[PDB]
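Engineer:
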Amino acid sequence: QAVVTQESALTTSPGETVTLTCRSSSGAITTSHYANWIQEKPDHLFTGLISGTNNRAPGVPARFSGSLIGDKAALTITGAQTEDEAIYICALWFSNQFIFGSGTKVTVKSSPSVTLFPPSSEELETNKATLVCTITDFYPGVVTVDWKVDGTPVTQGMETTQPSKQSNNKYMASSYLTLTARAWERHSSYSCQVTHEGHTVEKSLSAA
Amino acid sequence: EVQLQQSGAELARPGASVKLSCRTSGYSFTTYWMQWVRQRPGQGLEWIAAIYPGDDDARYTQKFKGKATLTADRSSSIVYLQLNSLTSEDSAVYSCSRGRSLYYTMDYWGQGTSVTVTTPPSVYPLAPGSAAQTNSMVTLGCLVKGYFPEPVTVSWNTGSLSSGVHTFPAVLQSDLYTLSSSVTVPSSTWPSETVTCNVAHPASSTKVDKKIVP
Ligand SMILES: C[C@]12CC[C@@H]3c4ccc(O)cc4/C(=N/OCC(=O)O)C[C@H]3[C@@H]1CC[C@@H]2O
Numbered sequence: 001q002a003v004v005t006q007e008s009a010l011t012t013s014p015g016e017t018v019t020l021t022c023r024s025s026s027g028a029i030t031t032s033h034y035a036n037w038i039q040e041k042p043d044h045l046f047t048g049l050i051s052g053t054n055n056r057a058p059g060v061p062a063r064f065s066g067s068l069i070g071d072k073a074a075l076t077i078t079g080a081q082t083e084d085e086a087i088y089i090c091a092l093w094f095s096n097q098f099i100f101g102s103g104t105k106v107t108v112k113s114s115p116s117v118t119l120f121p122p123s124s125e126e127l128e129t130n131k132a133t134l135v136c137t138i139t140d141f142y143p144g145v146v147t148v149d150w151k152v153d154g155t156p157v158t159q160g161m162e163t164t165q166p167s168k169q170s171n172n173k174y175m176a177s178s179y180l181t182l183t184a185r186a187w188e189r190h191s192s193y194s195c196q197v198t199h200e201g202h203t204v205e206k207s208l209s210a211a
Numbered sequence: 001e002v003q004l005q006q007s008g009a010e011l012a013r014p015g016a017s018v019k020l021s022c023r024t025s026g027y028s029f030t031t032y033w034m035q036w037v038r039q040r041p042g043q044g045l046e047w048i049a050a051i052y053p054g055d056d057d058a059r060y061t062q063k064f065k066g067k068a069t070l071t072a073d074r075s076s077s078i079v080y081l082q083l084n085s086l087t088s089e090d091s092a093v094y095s096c097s098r099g100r101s102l103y104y105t106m107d108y109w110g111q112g113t114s115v116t117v121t122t123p124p125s126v127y128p129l130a131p132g133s134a135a136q137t138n139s140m141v142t143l144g145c146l147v148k149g150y151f152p153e154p155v156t157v158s159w160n161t162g163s164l165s166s167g168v169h170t171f172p173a174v175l176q177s178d179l180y181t182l183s184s185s186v187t188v189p190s191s192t193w194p195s196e197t198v199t200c201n202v203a204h205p206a207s208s209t210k211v212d213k214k215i216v217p
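Written out as structure tokens, the structure is:
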């Protein structure tokens, strides 16, 4: 096989122009390697950008350009967008199969919306009680959730996810407070508290 | 208006063999190529095989020439990729794309189907409180607790409710996953209209539709 290489990652800014190279371990990349660049977004969302070394596909912002620059095949992004943040995979033809690059990952402030949900009747019946706190619409993707019961902070029984980039180019996450039907009724209120970029947001619900 | 939709997650024992499928809509099934790529746990895409539907010309590579067969059903616009004698090695996400020629190819793809080489979930409806019903938009939810392994497929109203849907990342706690999915609708829409979340756990042949009531 002919290993294809790319740049691990690239931090860019809006408006700018970035160039991604694609170097082949077999030697000089030519028009016969029918270089193809593919854009990959969260959740295995692949999209065609350039094929046949330099042909833009239908629905591709002209800011995207493919061309052979030296022994390499490169992708040029003239006019960065926040949405243009993704993983760029180039693929070179090697007679009878495409060989892909491990991918170049390019990088390019919203308060989170908190949503609490009380235990499900059905779940309570099982003497269990799961408090759900679904956090959304935030960027940068970096928050700190804390739970409070009767204004007092609780450490045990709390499970919080990892931020996940959403199609709207914003992060989301979820936190769980595992309690017993007992504990759930034994208190006056539960507060899901999120701290993001300097300020705090908190919601509460009362077993009452 | 082009879309290639693939089948669902697949859990298989070693030595067995799965049957994946990519169906096309929006173009000449027969005058277009169909390739399959796969992505192992973090190992870049690997080329597998390709097939030309309207001329049953399937081309493989050394690597997959043995465990990979590929058929087309020109009468349903579906392409079956079958893998034989499964190994942990094969655990990956198989996707599918189309192509006209070496100059124009791999523009559109499928969401890809995950293959893994078990305990079903408990689904609980989540009715909105004062911190979910918020004036014009009310948001219902579904707690998909203690299932294994990943993934679960959560849908709302059999897919009719496509916008405002938010499935959050699962969390692991004692070899058991638990996730939550929410959907937002106009406060007039519910309880008025029915809202049901359809959870599916391929790994355990389990499917649960839970009506979310007030
Ligand atoms: C990459 C591709 C799928 C794989 C096809 C293949 C696969 C194996 C091989 O040995 C040769 C070829 C080609 N050899 O000759 C061409 C033919 O005779 O038409 C055409 C390629 C196709 C071009 C469009 C599609 O995306």
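Which chain is which? The protein sequence lines are A and B, in order. Quick note, the first sequence lines up with residues 1 to 108, 112 to 211 if you use the deposited numbering. Quick note, the second sequence lines up with residues 1 to 117, 121 to 217 if you use the deposited numbering. In this text, a Cβ means the ideal position worked out from N, Cα and C, and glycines have one as well.
Would you call the segment 124–138 of chain A in contact with the segment 125–144 of chain B, where contact means no fewer than 3 C-beta pairs closer than 8 Å?
Structural biologist: These segments touch.
Engineer: Does residue 111(B) have its Cβ less than 8 Å from a Cβ in chain A?
Structural biologist: The sequence position of residue 111(B) within the second sequence is 111, counting from 1. Yes, its Cβ sits closer than 8 Å to a Cβ of chain A.
Engineer: To the nearest angstrom, how far is the alpha carbon of residue 184(A) from that of residue 78(B)?
Structural biologist: In the first sequence, counting from the first residue as 1, residue 184(A) sits at position 181. In the second sequence, counting from the first residue as 1, residue 78(B) sits at position 78. Roughly 50 Å between the two C-alpha positions.
Engineer: When you compare the CB of residue 193(B) with every CB in chain A, is at least one pair closer than 8 Å?
Structural biologist: As a first step, residue 193(B) must be located in the second sequence, where it is residue number 190. By this cut-off, residue 193(B) is not an interface position.
Engineer: Is residue 175(B) buried or exposed, if buried means 16 or more other CB atoms sit within 10 Å of its CB?
Structural biologist: On the second sequence, residue 175(B) is found 172 positions in, with the first residue counted as 1. Residue 175(B) should be labelled exposed.
Engineer: Which value, in whole angstroms, describes the spacing of the CA atoms of residue 108(A) and residue 75(B)?
Structural biologist: The sequence position of residue 108(A) within the first sequence is 108, counting from 1. The sequence position of residue 75(B) within the second sequence is 75, counting from 1. Looking at the two C-alpha atoms, the distance is approximately 45 Å.
Engineer: In chain B, which residues lie less than 9 Å from residue 176(A) when you measure between Cβ atoms?
Structural biologist: Mapped onto the first sequence, residue 176(A) falls at position 173. The answer, in chain order, is 171 and 172.
Engineer: In chain A, which residues lie with their C-beta within 8 Å of the C-beta of residue 107(B)?
Structural biologist: Within the second sequence, residue 107(B) is the residue found at index 107, counting from 1. Ordered by position in chain A, the residues that pass the 8 Å Cβ test against residue 107(B) are 47, 48, 51, 57 and 58.
Engineer: Give me whichever residues DSSP pairs with residue 5(B) in a beta bridge.
Structural biologist: Taking the first residue of the second sequence as position 1, residue 5(B) is located at position 5. Bridge partners of residue 5(B): 23(B).
Engineer: For the segment 162–170 of chain A against the segment 135–147 of chain A, are there 3 or more C-beta pairs whose distance is under 8 Å?
Structural biologist: The segment 162–170 of chain A is in contact with the segment 135–147 of chain A.
Engineer: Quick one, which of 12(A), 187(A), 150(A) and 191(A) has its alpha-carbon nearest residue 205(A)'s?
Structural biologist: Looking up residue 205(A) in the first sequence gives position 202. Answer by Cα proximity: 150(A).
Engineer: The beta strand (DSSP E) that contains residue 2(A), what's its start and end?
Structural biologist: On the first sequence, position 2 is the one that residue 2(A) refers to. Careful: residue 2(A) lies outside any beta strand (DSSP E) and carries neither H nor E.
Engineer: Would you say residue 158(A) touches ligand 1, meaning its beta carbon is less than 7 Å from a heavy atom?
Structural biologist: The residue you call residue 158(A) lines up with position 155 of the first sequence. Result no, Cβ not under 7 Å from ligand 1.
Engineer: Applying the 10 Å Cβ sphere with the 16-neighbour rule, what's the burial state of residue 13(B)?
Structural biologist: Locating residue 13(B) in the second sequence gives position 13, counting from the first residue. Its Cβ having fewer than 16 others within 10 Å, residue 13(B) is exposed.
Engineer: Starting from residue 124(A), trace the alpha helix (DSSP H) in both directions and tell me its first and last residue.
Structural biologist: Residue mapping note: residue 124(A) aligns to position 121 of the first sequence, counting from 1. Where residue 124(A) is concerned, the enclosing alpha helix (DSSP H) stretches over 124–128.
Engineer: Between 14(A), 83(A) and 52(A), which lies nearest to residue 173(A) when the distance is taken from Cα to Cα?
Structural biologist: Here residue 173(A) corresponds to residue number 170 of the first sequence, with the count starting at 1. It is 83(A) whose Cα lies nearest to the Cα of residue 173(A).
Engineer: Quick one: does the C-beta of residue 38(B) sit closer than 7 Å to a heavy atom of ligand 1?
Structural biologist: Within the second sequence, numbered from 1, the residue matching residue 38(B) stands at position 38. Residue 38(B) Cβ: outside cutoff for every heavy atom of ligand 1.
Engineer: Pairs of beta-carbons, one from the segment 45–55 of chain A and one from the segment 57–71 of chain B, closer than 8 Å: are there three or more?
Structural biologist: Contact fails: fewer than three Cβ-Cβ distances are below 8 Å.
Engineer: Could you have a look at residue 173(B) and say whether DSSP puts it in helix, strand or coil?
Structural biologist: On the second sequence, position 170 is the one that residue 173(B) refers to. The answer is coil: DSSP assigns residue 173(B) none of H, G, I, E or B.
Engineer: How would you label residue 153(A), buried or exposed, when you count the other beta carbons within 10 angstroms and need 16 or more for buried?
Structural biologist: As a first step, residue 153(A) is located in the first sequence; it is residue number 150 there, counting from the start. Result: exposed.
Engineer: Residues in the segment 137–163 of chain B with C-beta within 8 Å of chain A's C-beta atoms, listed in sequence order?
Structural biologist: Residues 142, 144, 146 and 148.
Engineer: For residue 23(A), list the residues DSSP reports as bridge partners.
Structural biologist: One-based indexing of the first sequence puts residue 23(A) at position 23. According to DSSP, which records beta bridges pairwise, residue 23(A) is partnered with 5(A).
Engineer: Is it true that the segment 80–88 of chain B meets the segment 15–30 of chain B, where meeting means three or more beta-carbon pairs spaced less than 8 Å apart?
Structural biologist: Contact between the segment 80–88 of chain B and the segment 15–30 of chain B is present, because at least three Cβ pairs lie under 8 Å.
Engineer: From the DSSP output, in three-state form, read off residue 193(B) for me.
Structural biologist: Indexing the second sequence from 1 puts residue 193(B) at position 190. Residue 193(B) falls in the coil class under three-state DSSP.
Engineer: Mind pulling the chain A residues with CB within less than 9 Å of residue 38(B)?
Structural biologist: As a first step, residue 38(B) is located in the second sequence; it is residue number 38 there, counting from the start. Ordered by position in chain A, no residue passes the 9 Å Cβ test against residue 38(B), which lies about 11 Å from the chain.
Engineer: Among residues of its own chain, excluding the 5 on either side of residue 31(B), which ones have a beta-carbon nearer than 7 Å to its beta-carbon?
Structural biologist: Within the second sequence, numbered from 1, the residue matching residue 31(B) stands at position 31. Excluding positions up to five away in sequence, the list reads 54.
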